[PDB]
file model07.cif (mmCIF, C-alpha atoms)
data_upload
#
loop_
_atom_site.label_atom_id
_atom_site.label_comp_id
_atom_site.auth_asym_id
_atom_site.auth_seq_id
_atom_site.Cartn_x
_atom_site.Cartn_y
_atom_site.Cartn_z
CA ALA O 1 272.80 132.45 -24.31
CA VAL O 2 272.89 135.32 -26.78
CA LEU O 3 275.86 137.47 -27.70
CA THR O 4 277.26 139.33 -30.70
CA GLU O 5 280.62 140.38 -29.20
CA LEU O 6 282.31 137.51 -27.37
CA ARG O 7 284.55 138.56 -24.50
CA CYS O 8 286.82 137.08 -21.85
CA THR O 9 285.25 135.21 -18.94
CA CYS O 10 287.50 136.78 -16.28
CA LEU O 11 288.73 140.33 -15.67
CA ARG O 12 291.08 139.78 -12.72
CA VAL O 13 292.96 136.81 -11.28
CA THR O 14 293.14 135.34 -7.78
CA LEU O 15 296.33 133.90 -6.28
CA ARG O 16 294.84 133.21 -2.81
CA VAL O 17 292.86 129.95 -2.78
CA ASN O 18 292.80 126.65 -0.89
CA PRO O 19 292.59 123.38 -2.88
CA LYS O 20 290.11 121.83 -0.43
CA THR O 21 287.57 124.64 -0.87
CA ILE O 22 287.52 124.05 -4.66
CA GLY O 23 284.51 122.07 -5.84
CA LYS O 24 284.77 122.17 -9.63
CA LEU O 25 287.53 123.21 -12.03
CA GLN O 26 287.16 124.27 -15.66
CA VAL O 27 289.70 125.34 -18.28
CA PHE O 28 289.01 127.68 -21.20
CA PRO O 29 291.84 127.60 -23.76
CA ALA O 30 292.78 130.53 -25.94
CA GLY O 31 290.66 130.74 -29.06
CA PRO O 32 288.32 133.04 -30.99
CA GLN O 33 286.57 133.97 -27.73
CA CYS O 34 289.40 135.30 -25.54
CA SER O 35 293.16 135.69 -25.80
CA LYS O 36 294.27 134.54 -22.35
CA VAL O 37 293.78 131.02 -21.05
CA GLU O 38 291.25 131.00 -18.21
CA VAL O 39 291.03 128.66 -15.22
CA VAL O 40 287.75 128.90 -13.29
CA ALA O 41 287.37 127.26 -9.88
CA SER O 42 283.83 127.02 -8.52
CA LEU O 43 284.07 126.65 -4.75
CA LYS O 44 281.89 124.49 -2.52
CA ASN O 45 280.09 127.58 -1.13
CA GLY O 46 278.88 128.70 -4.58
CA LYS O 47 281.62 131.30 -5.10
CA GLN O 48 283.71 131.10 -8.26
CA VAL O 49 287.21 132.49 -8.78
CA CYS O 50 289.65 132.87 -11.67
CA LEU O 51 293.21 131.60 -11.24
CA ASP O 52 296.48 132.41 -12.96
CA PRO O 53 297.26 129.88 -15.72
CA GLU O 54 300.92 130.92 -15.40
CA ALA O 55 301.11 129.98 -11.70
CA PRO O 56 303.52 127.05 -11.22
CA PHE O 57 301.13 124.71 -9.37
CA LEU O 58 298.11 125.64 -11.48
CA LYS O 59 300.24 125.57 -14.64
CA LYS O 60 301.34 122.01 -13.86
CA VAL O 61 297.76 120.99 -13.06
CA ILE O 62 296.53 122.41 -16.37
CA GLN O 63 299.35 120.78 -18.33
CA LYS O 64 298.56 117.43 -16.73
CA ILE O 65 295.05 117.84 -18.17
CA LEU B 1 288.36 140.14 -1.24
CA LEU B 2 285.47 139.94 -3.72
CA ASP B 3 287.15 141.82 -6.58
CA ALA B 4 287.97 138.65 -8.54
CA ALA B 5 285.01 136.60 -9.78
CA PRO B 6 283.41 135.58 -13.10
CA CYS B 7 281.13 138.00 -14.92
CA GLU B 8 277.90 136.52 -16.24
CA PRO B 9 276.75 137.65 -19.72
CA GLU B 10 273.15 138.66 -19.05
CA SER B 11 270.19 138.78 -21.42
CA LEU B 12 266.40 139.03 -21.37
CA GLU B 13 263.67 137.44 -23.48
CA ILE B 14 261.79 140.72 -23.98
CA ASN B 15 264.77 142.08 -25.92
CA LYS B 16 264.75 139.00 -28.16
CA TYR B 17 261.04 139.36 -28.93
CA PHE B 18 261.35 143.11 -29.52
CA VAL B 19 264.30 142.63 -31.88
CA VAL B 20 262.41 139.97 -33.83
CA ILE B 21 259.37 142.19 -34.32
CA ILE B 22 261.39 145.27 -35.27
CA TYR B 23 263.50 143.33 -37.76
CA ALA B 24 260.45 141.83 -39.45
CA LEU B 25 258.72 145.21 -39.72
CA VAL B 26 261.84 146.82 -41.19
CA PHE B 27 262.16 143.92 -43.65
CA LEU B 28 258.64 144.48 -44.93
CA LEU B 29 258.97 148.26 -45.17
CA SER B 30 262.34 148.17 -46.95
CA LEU B 31 261.13 145.53 -49.39
CA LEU B 32 258.05 147.57 -50.27
CA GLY B 33 259.91 150.86 -50.69
CA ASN B 34 262.77 149.46 -52.75
CA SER B 35 260.44 147.47 -54.99
CA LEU B 36 258.33 150.57 -55.63
CA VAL B 37 261.39 152.67 -56.46
CA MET B 38 262.71 150.05 -58.88
CA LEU B 39 259.31 149.68 -60.57
CA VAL B 40 258.97 153.45 -60.96
CA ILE B 41 262.46 153.87 -62.41
CA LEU B 42 262.54 150.91 -64.79
CA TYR B 43 259.02 151.08 -66.23
CA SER B 44 259.56 153.91 -68.75
CA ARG B 45 262.97 154.81 -70.16
CA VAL B 46 262.02 158.47 -70.65
CA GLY B 47 264.71 160.72 -69.20
CA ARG B 48 267.16 158.27 -67.63
CA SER B 49 269.11 160.96 -65.80
CA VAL B 50 272.14 160.28 -63.62
CA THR B 51 270.11 160.58 -60.43
CA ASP B 52 267.91 157.78 -61.77
CA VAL B 53 270.92 155.45 -62.06
CA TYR B 54 272.08 156.37 -58.56
CA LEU B 55 268.63 155.75 -57.08
CA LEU B 56 268.42 152.41 -58.90
CA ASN B 57 271.73 151.26 -57.42
CA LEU B 58 270.82 152.52 -53.94
CA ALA B 59 267.48 150.70 -54.06
CA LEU B 60 269.18 147.48 -55.16
CA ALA B 61 271.63 147.72 -52.26
CA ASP B 62 268.87 148.35 -49.72
CA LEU B 63 266.74 145.54 -51.15
CA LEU B 64 269.60 143.06 -50.84
CA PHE B 65 270.30 144.17 -47.26
CA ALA B 66 266.63 143.68 -46.40
CA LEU B 67 266.68 140.26 -48.07
CA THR B 68 269.57 139.27 -45.78
CA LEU B 69 267.91 140.71 -42.64
CA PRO B 70 265.68 137.72 -41.71
CA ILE B 71 268.58 135.30 -41.21
CA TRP B 72 270.11 137.88 -38.88
CA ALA B 73 266.80 138.02 -37.03
CA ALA B 74 266.89 134.25 -36.53
CA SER B 75 270.52 134.46 -35.40
CA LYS B 76 269.48 136.99 -32.78
CA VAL B 77 266.60 134.67 -31.86
CA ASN B 78 268.78 131.67 -31.01
CA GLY B 79 272.32 132.27 -32.27
CA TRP B 80 273.90 130.91 -35.43
CA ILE B 81 272.53 127.38 -35.78
CA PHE B 82 272.34 127.70 -39.57
CA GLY B 83 275.84 126.50 -40.47
CA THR B 84 279.21 127.91 -41.47
CA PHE B 85 278.49 128.36 -45.19
CA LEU B 86 275.44 130.49 -44.45
CA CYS B 87 277.47 132.52 -41.94
CA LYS B 88 280.06 133.30 -44.60
CA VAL B 89 277.58 134.03 -47.40
CA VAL B 90 275.18 136.15 -45.34
CA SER B 91 277.99 138.11 -43.70
CA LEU B 92 279.61 138.81 -47.08
CA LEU B 93 276.35 139.99 -48.62
CA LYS B 94 275.47 142.15 -45.60
CA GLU B 95 278.85 143.86 -45.42
CA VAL B 96 278.98 144.44 -49.18
CA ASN B 97 275.51 145.99 -49.17
CA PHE B 98 276.36 148.20 -46.19
CA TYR B 99 279.56 149.51 -47.78
CA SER B 100 277.89 150.04 -51.16
CA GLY B 101 274.98 151.93 -49.62
CA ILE B 102 277.27 154.27 -47.72
CA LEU B 103 279.56 154.96 -50.66
CA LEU B 104 276.55 155.48 -52.93
CA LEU B 105 275.26 158.14 -50.55
CA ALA B 106 278.72 159.71 -50.83
CA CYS B 107 278.61 159.57 -54.64
CA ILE B 108 275.12 161.10 -54.79
CA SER B 109 276.42 163.91 -52.60
CA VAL B 110 279.35 164.40 -54.98
CA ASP B 111 276.94 164.57 -57.92
CA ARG B 112 274.82 167.21 -56.19
CA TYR B 113 277.90 169.27 -55.33
CA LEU B 114 279.14 169.15 -58.92
CA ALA B 115 275.61 169.94 -60.17
CA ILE B 116 274.66 172.99 -58.10
CA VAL B 117 278.05 174.54 -57.28
CA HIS B 118 279.99 173.90 -60.51
CA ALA B 119 276.92 174.35 -62.70
CA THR B 120 277.93 177.10 -65.14
CA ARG B 121 281.39 175.67 -65.88
CA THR B 122 282.46 172.73 -68.08
CA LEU B 123 283.34 170.54 -65.08
CA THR B 124 279.69 169.46 -65.13
CA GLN B 125 280.56 167.27 -68.13
CA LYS B 126 282.53 164.99 -65.77
CA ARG B 127 279.37 163.69 -64.04
CA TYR B 128 278.40 161.40 -66.95
CA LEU B 129 280.51 158.54 -65.53
CA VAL B 130 277.72 157.03 -63.43
CA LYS B 131 278.24 153.58 -64.92
CA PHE B 132 281.96 153.55 -64.12
CA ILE B 133 281.56 155.18 -60.70
CA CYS B 134 278.86 152.70 -59.66
CA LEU B 135 280.84 149.71 -60.92
CA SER B 136 283.94 150.95 -59.09
CA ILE B 137 281.98 151.43 -55.87
CA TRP B 138 280.53 147.93 -56.07
CA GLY B 139 283.98 146.50 -56.74
CA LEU B 140 285.61 148.39 -53.88
CA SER B 141 282.88 147.27 -51.48
CA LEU B 142 283.30 143.67 -52.65
CA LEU B 143 287.06 143.82 -52.15
CA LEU B 144 286.69 145.47 -48.73
CA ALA B 145 284.18 142.84 -47.55
CA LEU B 146 286.38 139.81 -48.32
CA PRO B 147 287.88 139.79 -44.79
CA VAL B 148 284.43 138.72 -43.62
CA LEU B 149 284.31 135.86 -46.13
CA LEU B 150 287.80 134.58 -45.33
CA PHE B 151 287.75 134.84 -41.54
CA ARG B 152 284.21 134.17 -40.27
CA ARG B 153 283.08 130.82 -38.88
CA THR B 154 280.69 129.43 -36.30
CA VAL B 155 282.23 129.78 -32.84
CA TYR B 156 281.39 127.53 -29.89
CA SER B 157 281.67 128.20 -26.16
CA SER B 158 280.33 126.59 -22.99
CA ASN B 159 278.60 129.72 -21.65
CA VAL B 160 277.90 131.57 -24.93
CA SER B 161 275.48 130.22 -27.50
CA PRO B 162 276.61 129.84 -31.12
CA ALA B 163 277.16 132.97 -33.18
CA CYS B 164 278.72 133.72 -36.57
CA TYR B 165 281.93 135.21 -35.19
CA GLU B 166 285.50 135.59 -36.50
CA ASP B 167 288.22 132.93 -36.33
CA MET B 168 291.58 134.60 -37.01
CA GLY B 169 293.72 132.83 -34.40
CA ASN B 170 294.22 132.49 -30.67
CA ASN B 171 294.78 136.26 -30.34
CA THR B 172 291.79 137.05 -32.55
CA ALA B 173 290.40 139.43 -29.93
CA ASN B 174 293.01 142.06 -30.75
CA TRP B 175 292.86 141.32 -34.49
CA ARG B 176 289.17 142.22 -34.62
CA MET B 177 290.15 145.65 -33.30
CA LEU B 178 292.37 146.25 -36.33
CA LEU B 179 289.68 144.85 -38.62
CA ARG B 180 287.13 147.28 -37.18
CA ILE B 181 289.20 150.22 -38.43
CA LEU B 182 287.86 149.42 -41.91
CA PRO B 183 284.09 149.91 -41.37
CA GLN B 184 284.75 152.91 -39.11
CA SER B 185 287.13 154.59 -41.59
CA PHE B 186 285.72 154.00 -45.08
CA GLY B 187 282.23 153.56 -43.63
CA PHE B 188 281.66 156.64 -41.48
CA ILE B 189 284.61 159.04 -41.59
CA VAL B 190 285.29 159.29 -45.34
CA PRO B 191 281.57 159.32 -46.26
CA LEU B 192 280.76 161.88 -43.58
CA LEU B 193 283.62 164.12 -44.70
CA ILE B 194 282.56 163.95 -48.35
CA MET B 195 278.91 164.60 -47.54
CA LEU B 196 279.71 167.49 -45.20
CA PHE B 197 282.01 169.21 -47.68
CA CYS B 198 279.71 168.73 -50.67
CA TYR B 199 276.44 169.67 -48.99
CA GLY B 200 278.00 172.60 -47.14
CA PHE B 201 279.18 174.20 -50.35
CA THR B 202 275.88 173.35 -52.03
CA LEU B 203 274.11 175.13 -49.16
CA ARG B 204 276.37 178.15 -49.58
CA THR B 205 275.66 178.42 -53.31
CA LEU B 206 271.92 178.00 -52.78
CA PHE B 207 271.97 180.59 -50.00
CA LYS B 208 273.52 183.01 -52.50
CA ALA B 209 270.63 182.41 -54.94
CA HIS B 210 267.54 184.41 -55.88
CA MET B 211 265.57 181.39 -57.11
CA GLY B 212 261.92 180.84 -56.28
CA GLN B 213 262.40 177.43 -54.62
CA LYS B 214 265.55 177.69 -52.50
CA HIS B 215 263.60 176.88 -49.34
CA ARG B 216 262.59 173.31 -50.13
CA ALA B 217 266.04 172.42 -51.47
CA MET B 218 267.72 173.65 -48.29
CA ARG B 219 265.20 171.77 -46.14
CA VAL B 220 265.73 168.53 -48.06
CA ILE B 221 269.53 168.79 -47.91
CA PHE B 222 269.44 169.36 -44.16
CA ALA B 223 266.98 166.49 -43.79
CA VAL B 224 269.28 164.12 -45.67
CA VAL B 225 272.33 165.05 -43.60
CA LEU B 226 270.51 164.90 -40.26
CA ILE B 227 268.86 161.59 -41.15
CA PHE B 228 272.21 160.06 -42.07
CA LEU B 229 273.76 161.22 -38.81
CA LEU B 230 270.81 160.12 -36.67
CA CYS B 231 270.95 156.75 -38.41
CA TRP B 232 274.66 155.93 -38.19
CA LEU B 233 276.30 158.02 -35.45
CA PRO B 234 275.24 155.91 -32.43
CA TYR B 235 276.57 152.67 -33.92
CA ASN B 236 280.00 154.16 -34.61
CA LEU B 237 280.16 155.83 -31.20
CA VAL B 238 279.34 152.56 -29.43
CA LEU B 239 281.86 150.72 -31.60
CA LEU B 240 284.60 153.17 -30.66
CA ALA B 241 283.64 152.87 -27.00
CA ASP B 242 283.83 149.07 -27.21
CA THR B 243 287.25 149.21 -28.88
CA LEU B 244 288.51 151.58 -26.19
CA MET B 245 287.14 149.29 -23.48
CA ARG B 246 288.97 146.32 -24.99
CA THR B 247 292.08 148.54 -25.08
CA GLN B 248 291.72 149.12 -21.31
CA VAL B 249 291.71 152.86 -21.99
CA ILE B 250 288.32 153.05 -20.23
CA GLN B 251 287.97 151.20 -16.95
CA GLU B 252 286.25 147.87 -17.60
CA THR B 253 283.54 146.42 -15.35
CA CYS B 254 281.03 143.62 -15.83
CA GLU B 255 278.16 146.11 -15.78
CA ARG B 256 279.97 148.23 -18.38
CA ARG B 257 280.29 145.11 -20.53
CA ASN B 258 276.56 144.47 -20.25
CA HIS B 259 275.68 148.10 -20.97
CA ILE B 260 277.84 148.33 -24.09
CA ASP B 261 276.67 144.91 -25.26
CA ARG B 262 273.00 145.92 -25.11
CA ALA B 263 273.75 149.33 -26.62
CA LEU B 264 275.40 147.66 -29.61
CA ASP B 265 272.24 145.76 -30.50
CA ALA B 266 270.01 148.78 -29.89
CA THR B 267 272.16 151.00 -32.11
CA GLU B 268 272.30 148.36 -34.85
CA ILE B 269 268.50 148.17 -34.82
CA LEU B 270 268.23 151.96 -35.03
CA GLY B 271 270.81 152.24 -37.81
CA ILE B 272 269.34 149.50 -39.98
CA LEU B 273 266.58 151.99 -40.90
CA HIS B 274 268.91 153.35 -43.60
CA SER B 275 267.34 150.80 -45.96
CA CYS B 276 263.81 151.90 -44.99
CA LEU B 277 264.12 155.70 -44.97
CA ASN B 278 266.24 156.02 -48.14
CA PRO B 279 263.38 155.76 -50.66
CA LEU B 280 261.51 158.63 -49.01
CA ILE B 281 264.56 160.78 -48.25
CA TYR B 282 266.19 160.57 -51.69
CA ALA B 283 263.58 159.57 -54.29
CA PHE B 284 259.97 160.08 -53.21
CA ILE B 285 260.69 163.60 -51.89
CA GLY B 286 260.94 164.78 -55.51
CA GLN B 287 257.95 165.49 -57.72
CA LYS B 288 259.34 163.43 -60.61
CA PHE B 289 258.99 160.08 -58.86
CA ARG B 290 255.54 160.88 -57.48
CA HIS B 291 254.39 161.84 -60.97
CA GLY B 292 255.89 158.67 -62.42
CA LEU B 293 254.23 156.49 -59.80
CA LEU B 294 250.85 158.12 -60.41
CA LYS B 295 251.26 157.70 -64.18
CA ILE B 296 252.18 154.02 -63.82
CA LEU B 297 248.94 153.41 -61.90
CA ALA B 298 247.01 153.32 -65.20
#
call {"tool": "encode", "arguments": {"input": "model07.cif", "output": "structure tokens"}}
result
Amino acid sequence: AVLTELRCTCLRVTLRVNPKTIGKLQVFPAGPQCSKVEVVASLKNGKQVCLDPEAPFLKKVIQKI
Amino acid sequence: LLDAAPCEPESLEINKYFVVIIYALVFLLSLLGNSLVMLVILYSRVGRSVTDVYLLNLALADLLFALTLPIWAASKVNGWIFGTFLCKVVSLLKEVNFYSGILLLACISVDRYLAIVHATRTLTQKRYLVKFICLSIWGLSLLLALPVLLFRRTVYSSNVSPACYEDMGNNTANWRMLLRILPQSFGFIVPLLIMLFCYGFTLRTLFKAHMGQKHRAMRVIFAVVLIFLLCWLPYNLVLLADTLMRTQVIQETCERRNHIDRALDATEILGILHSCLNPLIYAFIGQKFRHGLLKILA
């Protein structure tokens, strides 16, 4: 795309989600782009949500990756 | 329910094309003006007054900035695909030229204040340090621009195209905020304070004069100050707004992100005209340079 000031991909986090409804999962680690680790879940209906990397279940899933 | 969701960084092709055209036009105009000023000054060594040295240095700074502009235009076209070494070199040169131009405007203002206010006294003998002042300004700009050289590299992301961004660590986002205090402190606040003080007292002394040509001098001084403000105020205001938004002082929304992001580019484009308008504002507005240019035409 085009950007001169890179910024975080999520503003707020969701703790209410069902694993079955999740279609794709992506992880953005901390780097020059954004301070906080981001976990983006794109659901089967086209909606995407941002999850807490500190959540126990999601934290374990990310660590397994 | 729908509060939490990704925000898409949005862009349009028309903006890209417009930026390309504007940057090229500014490149050509700045090159022409700076080259003409340098040719006029250097051709004949008759009366190499201090203002001549200052205008020479200012023209060199603007010419270098214009020379660096095209790579920035390409970066805006498609992001930084030109490599890390070019990112470092171009960023260093750009920042050094920007700092030197601003501080040279400040020094010219100081010279005018010491020339028209403290004119009868012996303090006027302290303005013959143009060589040392200019060298010191170049050195200070060079030293202040090294953070760009040390901590700038190509940055990759899945949704954002390449750009010559900073790489200071995993919490670099906050670090850039502290870094920004430099350009916004010794780049707008100190220079604006010096110019305001100097030109205000110069205006007072001229207003208390019975000369025959007070009018044009007052007009030119006001023109210089207003042009500087019109050129650089929006960029600094948008920068402060962006820093506050990253500080969560101002409520942050995806649309606010998009607005500020577009405003940054627009204000940068508007401000860049400091390299184009300087030759007319400072040099060609005086009869000496017009006479010299006409004489050289033989």
call {"tool": "resolve_selection", "arguments": {"input": "model07.cif", "expression": "the PyMOL selection byres ((chain O and resi 19) around 12)", "output": "ChimeraX atom specification"}}
result
/O:15-18,20-25,41-44,51,57-58,61
call {"tool": "axis_aligned_box", "arguments": {"input": "model07.cif", "around": "stretch 8-17 of chain O", "padding_each_side": "4 Å", "output": "JSON"}}
result
{"center_x": 290.8, "center_y": 135.1, "center_z": -12.3, "size_x": 19.1, "size_y": 18.4, "size_z": 27.1}
call {"tool": "interface_residues", "arguments": {"input": "model07.cif", "of": "chain B", "to": "chain O", "cutoff": "6 Å", "atoms": "only C-alpha atoms", "output": "PyMOL selection string"}}
result
chain B and resi 4-6+160-161+167+170-172
call {"tool": "residues_around", "arguments": {"input": "model07.cif", "residues": "residue B:75", "least_positions_apart": "6", "cutoff": "12 Å", "atoms": "all atoms listed in the file", "output": "list in words"}}
result
residues 1, 2, 3 and 4 of chain O; 16, 19, 20, 23, 68, 69, 81, 82, 83, 86, 87, 90, 91, 154, 161, 162, 163, 164 and 165 of chain B
call {"tool": "closest_residue", "arguments": {"input": "model07.cif", "among": "B:67, B:293, B:281, B:182", "to": "residue B:143", "atoms": "all atoms listed in the file"}}
result
B:182
call {"tool": "atom_distance", "arguments": {"input": "model07.cif", "atom1": "atom CA of residue B:108", "atom2": "atom CA of residue B:125"}}
result
15.7 Å
call {"tool": "atom_distance", "arguments": {"input": "model07.cif", "atom1": "atom CA of residue B:122", "atom2": "atom CA of residue B:195"}}
result
22.4 Å
call {"tool": "atom_distance", "arguments": {"input": "model07.cif", "atom1": "atom CA of residue B:128", "atom2": "atom CA of residue B:115"}}
result
11.3 Å
call {"tool": "resolve_selection", "arguments": {"input": "model07.cif", "expression": "the PyMOL selection byres ((chain B and resi 56) around 10)", "output": "list in words"}}
result
residues 34, 37, 38, 39, 40, 41, 42, 50, 51, 52, 53, 54, 55, 57, 58, 59, 60, 61 and 283 of chain B
call {"tool": "closest_residue", "arguments": {"input": "model07.cif", "among": "B:271, B:292, B:33, B:9", "to": "residue B:255", "atoms": "only C-alpha atoms"}}
result
B:9
call {"tool": "resolve_selection", "arguments": {"input": "model07.cif", "expression": "the PyMOL selection byres ((chain B and resi 177) around 10)", "output": "CSV table (one decimal) with C-alpha atoms, keeping the file's coordinate frame"}}
result
chain,number,residue,atom,x,y,z
B,172,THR,CA,291.8,137.0,-32.6
B,173,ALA,CA,290.4,139.4,-29.9
B,174,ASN,CA,293.0,142.1,-30.8
B,175,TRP,CA,292.9,141.3,-34.5
B,176,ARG,CA,289.2,142.2,-34.6
B,178,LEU,CA,292.4,146.2,-36.3
B,179,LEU,CA,289.7,144.8,-38.6
B,180,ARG,CA,287.1,147.3,-37.2
B,181,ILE,CA,289.2,150.2,-38.4
B,182,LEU,CA,287.9,149.4,-41.9
B,239,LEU,CA,281.9,150.7,-31.6
B,240,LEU,CA,284.6,153.2,-30.7
B,242,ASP,CA,283.8,149.1,-27.2
B,243,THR,CA,287.2,149.2,-28.9
B,244,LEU,CA,288.5,151.6,-26.2
B,246,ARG,CA,289.0,146.3,-25.0
B,247,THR,CA,292.1,148.5,-25.1
call {"tool": "residues_around", "arguments": {"input": "model07.cif", "residues": "residue B:133", "least_positions_apart": "5", "cutoff": "10 Å", "atoms": "all atoms listed in the file", "output": "JSON, numbers by chain"}}
result
{"B": [54, 104, 107, 127, 128, 138, 139]}
call {"tool": "residues_near_point", "arguments": {"input": "model07.cif", "point": "(270.2, 166.6, -41.1)", "cutoff": "12 Å", "atoms": "only C-alpha atoms", "output": "list in words"}}
result
residues 192, 195, 196, 199, 200, 218, 219, 220, 221, 222, 223, 224, 225, 226, 227, 228, 229, 230, 231, 232, 233 and 281 of chain B
call {"tool": "closest_residue", "arguments": {"input": "model07.cif", "among": "B:103, B:29, B:260, B:250", "to": "residue B:136", "atoms": "all atoms listed in the file"}}
result
B:103
call {"tool": "decode", "arguments": {"input": "model07.cif", "residues": "stretch 38-52 of chain O", "atoms": "N, CA, C and O atoms", "output": "tab-separated table (two decimals), in the first residue's frame"}}
result
chain	number	residue	atom	x	y	z
O	38	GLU	N	-0.01	-8.55	17.94
O	38	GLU	CA	-1.39	-8.56	17.44
O	38	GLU	C	-1.74	-9.96	16.95
O	38	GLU	O	-0.92	-10.62	16.31
O	39	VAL	N	-2.95	-10.40	17.26
O	39	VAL	CA	-3.48	-11.67	16.76
O	39	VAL	C	-4.80	-11.35	16.08
O	39	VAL	O	-5.76	-10.91	16.73
O	40	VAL	N	-4.86	-11.57	14.77
O	40	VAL	CA	-6.02	-11.25	13.96
O	40	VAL	C	-6.68	-12.55	13.52
O	40	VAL	O	-6.02	-13.41	12.93
O	41	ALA	N	-7.97	-12.68	13.80
O	41	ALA	CA	-8.75	-13.84	13.40
O	41	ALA	C	-9.81	-13.38	12.40
O	41	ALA	O	-10.71	-12.61	12.75
O	42	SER	N	-9.68	-13.84	11.16
O	42	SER	CA	-10.67	-13.57	10.12
O	42	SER	C	-11.70	-14.69	10.13
O	42	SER	O	-11.37	-15.85	9.86
O	43	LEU	N	-12.95	-14.34	10.44
O	43	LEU	CA	-14.00	-15.32	10.60
O	43	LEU	C	-14.53	-15.78	9.24
O	43	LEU	O	-14.25	-15.19	8.20
O	44	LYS	N	-15.31	-16.86	9.27
O	44	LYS	CA	-15.85	-17.45	8.06
O	44	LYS	C	-16.90	-16.58	7.38
O	44	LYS	O	-17.19	-16.80	6.20
O	45	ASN	N	-17.46	-15.60	8.09
O	45	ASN	CA	-18.47	-14.71	7.52
O	45	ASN	C	-17.86	-13.43	6.95
O	45	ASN	O	-18.61	-12.55	6.52
O	46	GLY	N	-16.54	-13.32	6.92
O	46	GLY	CA	-15.87	-12.14	6.42
O	46	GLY	C	-15.48	-11.14	7.49
O	46	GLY	O	-14.70	-10.22	7.20
O	47	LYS	N	-16.00	-11.27	8.70
O	47	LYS	CA	-15.63	-10.38	9.79
O	47	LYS	C	-14.28	-10.79	10.37
O	47	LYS	O	-13.96	-11.97	10.48
O	48	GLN	N	-13.50	-9.78	10.75
O	48	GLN	CA	-12.20	-10.00	11.39
O	48	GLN	C	-12.20	-9.35	12.76
O	48	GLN	O	-12.80	-8.30	12.98
O	49	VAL	N	-11.51	-10.00	13.70
O	49	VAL	CA	-11.43	-9.53	15.08
O	49	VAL	C	-9.98	-9.58	15.53
O	49	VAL	O	-9.14	-10.28	14.94
O	50	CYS	N	-9.68	-8.83	16.59
O	50	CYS	CA	-8.37	-8.82	17.21
O	50	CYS	C	-8.47	-9.40	18.61
O	50	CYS	O	-9.33	-9.00	19.40
O	51	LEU	N	-7.57	-10.34	18.93
O	51	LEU	CA	-7.64	-11.09	20.17
O	51	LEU	C	-6.47	-10.71	21.07
O	51	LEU	O	-5.45	-10.18	20.63
O	52	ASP	N	-6.64	-10.99	22.36
O	52	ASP	CA	-5.62	-10.64	23.34
O	52	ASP	C	-4.46	-11.63	23.26
O	52	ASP	O	-4.66	-12.82	23.52
